[PDB]
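Step one of this worksheet: look at the structure below.
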Amino acid sequence: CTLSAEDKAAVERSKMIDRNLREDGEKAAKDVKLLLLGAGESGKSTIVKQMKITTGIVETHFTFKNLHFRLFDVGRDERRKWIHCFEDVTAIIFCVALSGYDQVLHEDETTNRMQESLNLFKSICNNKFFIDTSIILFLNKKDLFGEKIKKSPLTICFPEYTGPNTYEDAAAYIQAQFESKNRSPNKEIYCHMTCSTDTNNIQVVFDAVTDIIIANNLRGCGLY
Amino acid sequence: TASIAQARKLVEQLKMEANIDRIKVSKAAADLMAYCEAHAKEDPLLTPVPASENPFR
Amino acid sequence: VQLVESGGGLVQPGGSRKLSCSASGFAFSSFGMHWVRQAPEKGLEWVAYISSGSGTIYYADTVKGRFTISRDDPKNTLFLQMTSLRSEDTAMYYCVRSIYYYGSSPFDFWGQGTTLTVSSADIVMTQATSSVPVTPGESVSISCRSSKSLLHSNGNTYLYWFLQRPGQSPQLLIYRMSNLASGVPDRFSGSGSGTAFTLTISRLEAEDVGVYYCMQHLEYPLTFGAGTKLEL
Amino acid sequence: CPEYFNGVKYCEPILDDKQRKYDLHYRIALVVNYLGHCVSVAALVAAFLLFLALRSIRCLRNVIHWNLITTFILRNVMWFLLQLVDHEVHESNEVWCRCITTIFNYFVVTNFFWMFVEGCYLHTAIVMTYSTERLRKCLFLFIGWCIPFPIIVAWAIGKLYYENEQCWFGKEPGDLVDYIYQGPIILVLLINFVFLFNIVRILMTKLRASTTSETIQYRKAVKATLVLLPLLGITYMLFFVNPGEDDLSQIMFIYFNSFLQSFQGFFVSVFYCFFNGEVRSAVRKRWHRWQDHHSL
Amino acid sequence: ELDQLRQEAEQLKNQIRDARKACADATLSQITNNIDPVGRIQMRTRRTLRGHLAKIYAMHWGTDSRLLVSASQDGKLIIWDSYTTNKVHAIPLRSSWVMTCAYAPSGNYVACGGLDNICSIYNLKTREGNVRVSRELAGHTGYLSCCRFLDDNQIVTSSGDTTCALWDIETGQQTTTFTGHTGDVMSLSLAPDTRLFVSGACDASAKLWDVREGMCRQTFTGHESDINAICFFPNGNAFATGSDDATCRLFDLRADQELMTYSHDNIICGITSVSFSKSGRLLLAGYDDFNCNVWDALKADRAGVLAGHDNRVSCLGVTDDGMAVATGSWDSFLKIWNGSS
Amino acid sequence: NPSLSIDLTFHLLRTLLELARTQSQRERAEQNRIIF
Numbered sequence: 003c004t005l006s007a008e009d010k011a012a013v014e015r016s017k018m019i020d021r022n023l024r025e026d027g028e029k030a031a032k033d034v035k036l037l038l039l040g041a042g043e044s045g046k047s048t049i050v051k052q053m054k055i182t183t184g185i186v187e188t189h190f191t192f193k194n195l196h197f198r199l200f201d202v203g206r207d208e209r210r211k212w213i214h215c216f217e218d219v220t221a222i223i224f225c226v227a228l229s230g231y232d233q234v235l236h237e238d239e240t241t242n243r244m245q246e247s248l249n250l251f252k253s254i255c256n257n258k259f260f261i262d263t264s265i266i267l268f269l270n271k272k273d274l275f276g277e278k279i280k281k282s283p284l285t286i287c288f289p290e291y292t293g294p295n296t297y298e299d300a301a302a303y304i305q306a307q308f309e310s311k312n313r314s315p316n317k318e319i320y321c322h323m324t325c326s327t328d329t330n331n332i333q334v335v336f337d338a339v340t341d342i343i344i345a346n347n348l349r350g351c352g353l354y
Numbered sequence: 006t007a008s009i010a011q012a013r014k015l016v017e018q019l020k021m022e023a024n025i026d027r028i029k030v031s032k033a034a035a036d037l038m039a040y041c042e043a044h045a046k047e048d049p050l051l052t053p054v055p056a057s058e059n060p061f062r
Numbered sequence: 002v003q004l005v006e007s008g009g010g011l012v013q014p015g016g017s018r019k020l021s022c023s024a025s026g027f028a029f030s031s032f033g034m035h036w037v038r039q040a041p042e043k044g045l046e047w048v049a050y051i052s053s054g055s056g057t058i059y060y061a062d063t064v065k066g067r068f069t070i071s072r073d074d075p076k077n078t079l080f081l082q083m084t085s086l087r088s089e090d091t092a093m094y095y096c097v098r099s100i101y102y103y104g105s106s107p108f109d110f111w112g113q114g115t116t117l118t119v120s135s136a137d138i139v140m141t142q143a144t145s146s147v148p149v150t151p152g153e154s155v156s157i158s159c160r161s162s163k164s165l166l167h168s169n170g171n172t173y174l175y176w177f178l179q180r181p182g183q184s185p186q187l188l189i190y191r192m193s194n195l196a197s198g199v200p201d202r203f204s205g206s207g208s209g210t211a212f213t214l215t216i217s218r219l220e221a222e223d224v225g226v227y228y229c230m231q232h233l234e235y236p237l238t239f240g241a242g243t244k245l246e247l
Numbered sequence: 064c065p066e067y068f069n070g071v072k073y098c099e100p101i102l103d104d105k106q107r108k109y110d111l112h113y114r115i116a117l118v119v120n121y122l123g124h125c126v127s128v129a130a131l132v133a134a135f136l137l138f139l140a141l142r143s144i145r146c147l148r149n150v151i152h153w154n155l156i157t158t159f160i161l162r163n164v165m166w167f168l169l170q171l172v173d174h175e176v177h178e179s180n181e182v183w184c185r186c187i188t189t190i191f192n193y194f195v196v197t198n199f200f201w202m203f204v205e206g207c208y209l210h211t212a213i214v215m216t217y218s219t220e221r222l223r224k225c226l227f228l229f230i231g232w233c234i235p236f237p238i239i240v241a242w243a244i245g246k247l248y249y250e251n252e253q254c255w256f257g258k259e260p261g262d263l264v265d266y267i268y269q270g271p272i273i274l275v276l277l278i279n280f281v282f283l284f285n286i287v288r289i290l291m292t293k294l295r296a297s298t299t300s301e302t303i304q305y306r307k308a309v310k311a312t313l314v315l316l317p318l319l320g321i322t323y324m325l326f327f328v329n330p331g332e333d334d335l336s337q338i339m340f341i342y343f344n345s346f347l348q349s350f351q352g353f354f355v356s357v358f359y360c361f362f363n364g365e366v367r368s369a370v371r372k373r374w375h376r377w378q379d380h381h382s383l
Numbered sequence: 003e004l005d006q007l008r009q010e011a012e013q014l015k016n017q018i019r020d021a022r023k024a025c026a027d028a029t030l031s032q033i034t035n036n037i038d039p040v041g042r043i044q045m046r047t048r049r050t051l052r053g054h055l056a057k058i059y060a061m062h063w064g065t066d067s068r069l070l071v072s073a074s075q076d077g078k079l080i081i082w083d084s085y086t087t088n089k090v091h092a093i094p095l096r097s098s099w100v101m102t103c104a105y106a107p108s109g110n111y112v113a114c115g116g117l118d119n120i121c122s123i124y125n126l127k128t129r130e131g132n133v134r135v136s137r138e139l140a141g142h143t144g145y146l147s148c149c150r151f152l153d154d155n156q157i158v159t160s161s162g163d164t165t166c167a168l169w170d171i172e173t174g175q176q177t178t179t180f181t182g183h184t185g186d187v188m189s190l191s192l193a194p195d196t197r198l199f200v201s202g203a204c205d206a207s208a209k210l211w212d213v214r215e216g217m218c219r220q221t222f223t224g225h226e227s228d229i230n231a232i233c234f235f236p237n238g239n240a241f242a243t244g245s246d247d248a249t250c251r252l253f254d255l256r257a258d259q260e261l262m263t264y265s266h267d268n269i270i271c272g273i274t275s276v277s278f279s280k281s282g283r284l285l286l287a288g289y290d291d292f293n294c295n296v297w298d299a300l301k302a303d304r305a306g307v308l309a310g311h312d313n314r315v316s317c318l319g320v321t322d323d324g325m326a327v328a329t330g331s332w333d334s335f336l337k338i339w340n341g342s343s
Numbered sequence: 002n003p004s005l006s007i008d009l010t011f012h013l014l015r016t017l018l019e020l021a022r023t024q025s026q027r028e029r030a031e032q033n034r035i036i037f
């Protein structure tokens with residue numbers, strides 16, 4: 003208590019700043035973080051256009193009936211050393227395109243967009259920071275895949291696959307190949323097939339994030 | 006013509022980096038020894054401070 | 002930055018008056034607020050203080066129990082309800098903003114002032144010289160003295176030097192006896208021991224005419240200097 | 064014949104020894120009860136030290152666990168103090184006997200209220216949140232400690248006025264003043280059971296598509312239930328009321344409840360202090376830090 | 003004509019390797035045998051700053067050794083008073099991701115940047131009394147990793163598009179650019195005379211750039227992994243780099259090769275922040291195994307350990323007079339270690 | 002007849018104190034009998 007008047011006023015100002023930081027943290031705590039990590043040709047622009055209705185990180189604020197989602201878009207990073215920032219996210223929205231098995235890369239090396247997507251998803255699943263986080267997978271461009279699958283058989287993309295050229299069969303096979311990659315029982319891949327014009331995506335995301343939050347609560351309480 | 010330009014730039018950079026004067030390791034090690042010996046008594050981390058002089062205590 | 006006072010006038014003794022201070026152009030809610038009263042032929046006298054956030058309130062000893070300070074942060078307004086007005090209350094009332102943190106400059110802005118006209136343990140501040148006749152171009156050294164040592168254990172010495180120009184608002188000159196106030200030219204300087212202090216002017220100019228006040232800010236209630244006027 | 068002769072009521100002596108029941112089963116229950124309390128205290132003191140030496144974990148879960156362990160410790164200490172009472176102090180009423188009975192009853196009510204607090208926190212976590220963590224902590228501490236004081240004081244005042252006899256725990260035909268503190272607790276446990284029932288729903292709905300193996304789902308639900316039972320106080324609800332008339336049933340009553348009551352703090356202490364991953368991680372980290380400091 | 007260019011480049015790099023093998027008359031570890039060992043360094047935590055609700059990314063000391071800036075993930079830039087644990091300022095930020103922060107040597111401005119690719123410079127002394135945005139610098143296409151104040155007028159910034167830039171805060175344009183890297187440039191460390199600066203990137207090579215001229219002078223490649231932090235030696239002749247391969251190396255400018263490699267067999271964890279002491283005898287390294295290590299810079303032996311954090315140490319700073327060492331980590335605590343007798 | 006699980010300890014204590022008082026009273030009656 004052996005302090006001057008200015009020191010006491012400074013301590014009271016520090017208490018005011020403490021209460022302001024506490025109120026800001028209480029406002030911040032009720033928000034859900036989502037990471038939109040995807041490829042350039044993935045069609046994630048269609049995803050953000052469906053969610054809504182600039183070199184820096186894009187921020188999207190969309191609210192459902194009772195929960196507020198805050199989606200972050202990054203954009206051209208070779209090795210993505212900034213991934214440690216996104217440890218605290220509850221779910222990663224990872225979008226891959228179904229129509230990309232035909233088109234090869236610009237480099238013209240013997241690699242496919244689907245194989246690059248599998249390698250990227252394998253790097254995400256094997257990442258040390260993302261062992262707890264779950265993945266929500268969207269299979270975009272159903273119409274283009276459905277059209278192209280009649281003309282082109284699914285042999286060049288997957289040599290091991292030996293099945294008839296059926297839209298449902300091949301789609302299930304691609305979903306199985308994506309679900310095969312994870313080797314951690316903690317996270318669950320929430321697969322959903324989307325299109326250019328859909329309105330159920332917000333519902334799918336709400337149900338999946340609800341499931342992930344309930345599962346996280348149960349795992350924190352020691353039950354699940 | 007970007008690859009040949011980048012090659013030329015890296016050649017010019019190695020030309021710049023190669024033509025420099027390099028002091029021997031013993032002389033600069035002696036200089037670092039001298040600096041660390043001369044400034045050894047004014048370092049509070051290296052040499053502990055009494056509690057009356059130490060403002061944090 | 003603008004502070005405008007209102008609510009003054011001429012009153013009968015025993016009546017009440019709600020004073021207002023209208024703030025604009027700054028963050029009012031982050032600043033503690035001061036009422037300071039100056040008598041017509043006497044020096045400045047502190048009245049009251051309210052902290053930022055209204056958690057902490059200080060009054061003078063004579064002023065305690067009759068005046069109620071309050072503040073409305075969303076309207077950026079300071080209020081002073083005055084009751085039981087005696088003859089000594091007849092004064093110019095100034096509204097003052099002040100922020101307290103390390104490196105800050107408290108008492109850095111003085112209001113315009115409103116006119117009211119009614120029909135021991137405290138540190139005593141002493142300026143034994145009441146006036147000094149000066150000529151421009153010379154170097155002046157005015158002194159102040161406190162009944163208590165103003166050196167605190169943290170190393171600061173809570174002494175402020177103010178200037179009140181004639182017919183204008185007071186102005187901060189030296190805060191904490193080692194720091195130059197913002198906008199003040201560097202010809203002024205402060206130097207003192209624990210109990211005896213000296214404000215030194217080099218190459219005094221036309222605009223340096225006025226009354227100099229010293230002030231202790233060691234402990235509440237604040238007590239001001241008697242004032243040293245500079246004659247031409 | 065004399066009426067009162069050497070403290071025996073009467098010249099043939101009339102003695103209640105004929106209307107007597109099996110005594111050795113009560114003594115063996117006493118031995119099991121003392122052993123349960125002693126091993127319980129031996130685990131609880133270690134949990135009390137390992138929830139204060141480790142400052143890495145400071146969430147509200149461990150605070151409510153530490154307060155529950157503290158209430159178990161203090162009610163076991165009061166139980167040991169209360170046990171050393173003979174028939175002389177039971178006949179001739181004394182101040183300290185009634186005082187120790189009152190304090191012990193306070194810690195019993197406090198323990199069941201902290202179980203209610205634990206259930207409320209678990210429900211607030213799993214289902215939905217109603218307030219900020221600071222108001223959670225304040226409300227929880229308030230319910231745990233401040234709420235038992237009026238109930239215990241009112242019970243003590245009513246017991247003092249109406250029935251000032253037999254160190255305030257003698258049951259006479261027609262007593263109704265002992266339901267002041269028992270009454271809420273019987274409700275409280277039921278509320279906890281309702282909370283527990285909701286948890287039994289929420290897990291199973293999550294455990295539907297989680298694992299296709301039905302057997303692992305049933306075993307996991309059983310394993311979760313058998314570790315949520317000791318923490319919520321549903322063990323008392325397992326065999327709540329048994330009629331005195333039956334003999335075998337009465338022996339099962341005494342041994343079963345003596346086994347559940349005595350080792351309950353032991354189960355809670357052991358499982359939650361040791362089996363939790365976080366405490367083991369903290370201990371391992373501090374051991375590595377000590378080894379690193381010693382080696383250098 | 004690429005073949006003769008690549009052959010000439012290999013010949014030049016062989017010439018540089020031959021010159022570096024020729025200059026290496028003797029090593030540093032051999033001639034420090036006569037020097038007495040430093041011994042045990044008992045340091046204890048004096049103050050603990052707990053105003054952040056999210057992981058702290060960076061910090062920077064003032065020249066008066068009094069105030070300190072700290073940036074956090076939740077979007078706060080808090081300016082602390084280290085002695086009496088009083089919050090002097092708290093700046094709410096536009097982008098929550100801020101990976102670096104700097105404090106002006108005059109003490110007027112504070113900069114901060116992150117994933118938003120914009121360096122925001124705030125002014126601390128205003129007539130309004132409320133901190134506000136003073137300057138926004140946007141001329142990079144990668145994430146801003148580090149920034150340091152040469153002076154109030156000019157700020158050196160390092161970005162994630164393999165570039166460094168000298169900015170003029172008044173006009174708001176790039177004065178000169180530094181494009182010699184191929185990987186993400188993680189940290190820089192100014193010289194005390196502000197003549198040169200060193201820059202470590204993700205190509206496992208540090209460059210020595212000149213501020214005024216704007217061209218690279220020296221290249222140092224002795225790491226097998228990405229360099230995370232760099233700290234220039236006080237006298238103006240050496241520097242030290244920390245990498246993810248559990249090694250931090252002290253390089254010499256005038257010898258144009260490495261001097262010493264600080265590593266340990268039990269440590270297999272990355273280095274996030276390095277810093278020297280006031281004299282330069284103690285090398286402070288913030289490892290990834292939840293504690294910091296105090297190395298002896300002349301004897302290459304582990305002198306002390308700072309173990310007070312629960313999560314990985316992200317940032318570490320030493321005052322100019324070298325009185326105390328502040329460490330920030332991802333468990334949202336700033337701990338001020340100091341040593342007494 | 003009401004024998005609650007929560008009130009086990011007081012029931013055991015009352016039964017044991019009643020048995021102890023019956024044993025003490027029977028020994029006191031045997032002392033009175035040897036007096037007679």
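Chains as they are written, first to last, in the authors' numbering: chain A, 3 to 55, 182 to 203, 206 to 354; chain G, 6 to 62; chain H, 2 to 120, 135 to 247; chain P, 64 to 73, 98 to 383; chain B, 3 to 343; chain U, 2 to 37. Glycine included, every Cβ here is placed at the ideal spot set by N, Cα and C.
(1) If you drop the 5 nearest sequence neighbours on each side, which residues of the same chain put their C-beta closer than 7 Å to that of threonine 223 of chain B?
(2) Hey, quick one: how far does the alpha helix (DSSP H) through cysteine 225 of chain P stretch, first residue to last?
(3) What residues in the stretch 140-151 of chain B have a beta carbon less than 7 Å from any beta carbon of chain A?
(4) In whole angstroms, what separates the C-alpha of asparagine 256 of chain A from that of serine 264 of chain A?
(5) Give a yes or no on whether the minimum CB-CB distance between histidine 177 of chain P and chain U is below 8 Å.
(6) Do the CB positions of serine 84 of chain B and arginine 49 of chain B come within less than 8 Å of each other?
(7) Could you name the residues of chain P that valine 315 of chain B contacts, counting a contact when the two beta carbons are closer than 9 Å?
(8) In chain B, which residues lie less than 7 Å from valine 13 of chain A when you measure between Cβ atoms?
(9) Let's see if you can read the secondary structure: which residues bound the beta strand (DSSP E) around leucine 11 of chain H?
(10) Distance, Cα to Cα, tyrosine 101 of chain H vs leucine 5 of chain A?
(11) Could you name the residues of chain H that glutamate 25 of chain A contacts, counting a contact when the two beta carbons are closer than 9 Å?
(12) Compare the C-beta of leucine 178 of chain H with all C-beta atoms of chain A and state if any pair is closer than 8 Å.
(13) Among P:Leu161, P:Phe159, P:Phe135, which has the Cα closest to the Cα of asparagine 149 of chain P?
(14) Tell me the rounded alpha-carbon separation between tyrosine 320 of chain A and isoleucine 7 of chain U.
In brief:
(1) The sequence position of residue 223 of chain B within the fifth sequence is 221, counting from 1. So the list reads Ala206, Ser207, once near-sequence residues are dropped.
(2) The residue you call residue 225 of chain P lines up with position 138 of the fourth sequence. First-last of the alpha helix (DSSP H) with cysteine 225 of chain P: 220-228.
(3) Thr143, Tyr145
(4) Walking along the first sequence from the start, residue 256 of chain A turns up at place 126. Walking along the first sequence from the start, residue 264 of chain A turns up at place 134. Rounded to whole angstroms, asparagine 256 of chain A to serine 264 of chain A spans 12 Å at the Cα level.
(5) The residue given as residue 177 of chain P occupies position 90 in the fourth sequence. For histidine 177 of chain P, the answer is yes, since a Cβ of chain U falls inside 8 Å of its Cβ.
(6) As a working mapping, residue 84 of chain B is identified with position 82 in the fifth sequence. As a working mapping, residue 49 of chain B is identified with position 47 in the fifth sequence. Closer than 8 Å, so yes.
(7) Along the fifth sequence, one-based indexing puts residue 315 of chain B at 313. Result: empty, since nearest Cβ-Cβ is about 14 Å, beyond 9 Å.
(8) Within the first sequence, numbered from 1, the residue matching residue 13 of chain A stands at position 11. Near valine 13 of chain A (Cβ distances below 7 Å), the residues of chain B are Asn88.
(9) Within the third sequence, residue 11 of chain H is the residue found at index 10, counting from 1. Taken as a continuous stretch (DSSP letters only), the beta strand (DSSP E) holding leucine 11 of chain H covers 10-12.
(10) Here residue 101 of chain H is taken as the residue at index 100 of the third sequence, counted from 1. Here residue 5 of chain A is taken as the residue at index 3 of the first sequence, counted from 1. Approximately 14 Å, taken between the alpha carbons.
(11) On the first sequence, position 23 is the one that residue 25 of chain A refers to. By Cβ distance, chain H contributes nothing, its closest Cβ being about 13 Å from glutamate 25 of chain A, past 9 Å.
(12) The sequence position of residue 178 of chain H within the third sequence is 163, counting from 1. So no, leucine 178 of chain H is outside the interface.
(13) Start at 1 with the first residue of the fourth sequence, and residue 149 of chain P comes out as number 62. Per the Cα distances, P:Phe135.
(14) On the first sequence, position 190 is the one that residue 320 of chain A refers to. On the sixth sequence, position 6 is the one that residue 7 of chain U refers to. The straight-line gap from Cα to Cα measures roughly 48 Å.
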